[PDB]
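This text opens with one protein chain seen in two forms, each one given by itself as structure tokens under the names structure 1 and structure 2.
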Structure 1
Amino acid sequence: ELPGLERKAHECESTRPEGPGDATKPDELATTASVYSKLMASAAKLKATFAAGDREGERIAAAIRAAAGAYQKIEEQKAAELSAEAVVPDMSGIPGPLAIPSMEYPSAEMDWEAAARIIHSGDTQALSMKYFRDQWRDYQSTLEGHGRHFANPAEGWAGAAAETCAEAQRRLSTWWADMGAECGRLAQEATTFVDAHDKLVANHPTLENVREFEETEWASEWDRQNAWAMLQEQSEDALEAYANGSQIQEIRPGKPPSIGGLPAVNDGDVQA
């Protein structure tokens, strides 16, 4: 039994804390739909990548357990019952890298009463997306804490295999950190959005603006017309702000590093 090595291995398979959940768009405007699918696409892409990383962390655990099996083979070839060649860790039964689903990425007038309706037929506070944003943001730190599971090499283990695992462990550890920064990246892109949406709600004519105009007894058509003109301008001006002020970026996280073949292991690799 090689408990230092099993510990490292077990550490490596560690359950990754849950990613952020589903969000829903706050309304039915074209802008909203376009920006929303892009954030959903970005998030989709990250989950698929973290799953791939889950594989690598697990491949490493297998690597270490394979070396461990190799070490026990060495002690077995200490048959003092029959009275010291290096052994290659069996990796012929270790899962390969989990493929990252090649899913593609989206990319992009009406009267004010209608616009108003659509807007206020939705969540004017965009809580699902604010929540989505909140979650992704927090996951940054979490994913950083997660990578700490790999940062430190098995204790009392030296040799080429042990340094091979170490370097691979460090690369995964750094990568989970970088994946954490991608969370912060998504969240800032979400924030760009919910803030812009918030400005639209704040500046587009409200449902009160609608009734106030529909229930007004207008002296003439000139008064009624000129009063409409101003709310159609106000509608269009806020909606173009929303369109420009909400355009956002595609999150493209890099594939996790993989560990590959281990060398042979020797007696005296592991502490007594």
Structure 2
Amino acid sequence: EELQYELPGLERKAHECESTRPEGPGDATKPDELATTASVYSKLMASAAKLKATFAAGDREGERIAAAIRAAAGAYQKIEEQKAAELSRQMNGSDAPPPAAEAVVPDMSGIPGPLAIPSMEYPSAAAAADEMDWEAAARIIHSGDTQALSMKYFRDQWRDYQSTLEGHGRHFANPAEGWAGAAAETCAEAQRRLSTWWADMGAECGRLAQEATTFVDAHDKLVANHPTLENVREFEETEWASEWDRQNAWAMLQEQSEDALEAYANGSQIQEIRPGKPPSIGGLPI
């Protein structure tokens, strides 16, 4: 596979590899102060943080491929000068001895290394959630955002970032024009890895959104089935026929709360998002 290159084509490709990735998802706040809510929330935030840090490592790799491409181009530039010099000495009857042919493996030595992906310890829920009083729980639920709008926006943002990252991957998928040979194939391979990984990162965006969806759906259901703060008022303002009736009411509402919180604990269980690091290009042959 004979070595062919077009130096501007190599620039264009290094340049595409440096394409700015659009700013990612914003942050989010908890819908309420329930222990279950804090637990699921801190998990989703931890996944989001892990993804953002991972994406930053990805960026580093794009820049490394660019630098590798430019190192190649630099090497081909030297080859081009030698060939021209060699052709000149041959044509102007120099008859200096022709220089020895020495292959040159592009110099990678100044290219930045892979980016560290900081360790984040993933939060773990309570083995058995605390029992709660229904008025106390209604208060906690309804003093927050019973619509979990922040979390829902967070969910929307991550979901929609998936297509961004898939799009971003395509900056890498195509090999440079007019480049052929071992290095070109190696680099195309590295690009395919990085390009494919970005698409995987997009899919992880999808997975985080599904996890968030699972959470906000569960929270919606919690708000719907749990006694309301208005139920607290209504319990007081209601003229109860007898005290016995009143106590059965309290019990019923208490069991409503317990059942809703139990369903919330179960239904909002989510799984850790563990994205793999990006591929790191090595160095090109010659």
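Here, a residue number simply tells you its place in the sequence of structure 1, counted from 1. Under this definition, the rigid core comprises the largest set of C-alpha atoms superposing within 1.5 Å between the forms.
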{"item": "Answer among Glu221, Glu28, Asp237, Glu212 for the CA shift between structures 1 and 2 that reaches 2 Å or more, rigid core superposed", "value": "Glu221"}
{"item": "Threshold 2 Å Cα movement between structures 1 and 2 for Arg148, core superposed", "value": "no"}
{"item": "For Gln188, CA displacement between structures 1 and 2 after the core is overlaid, in Å", "value": "0.4"}
{"item": "Rigid-core-superposed Cα shift at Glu76 between structures 1 and 2, Å", "value": "2.6"}
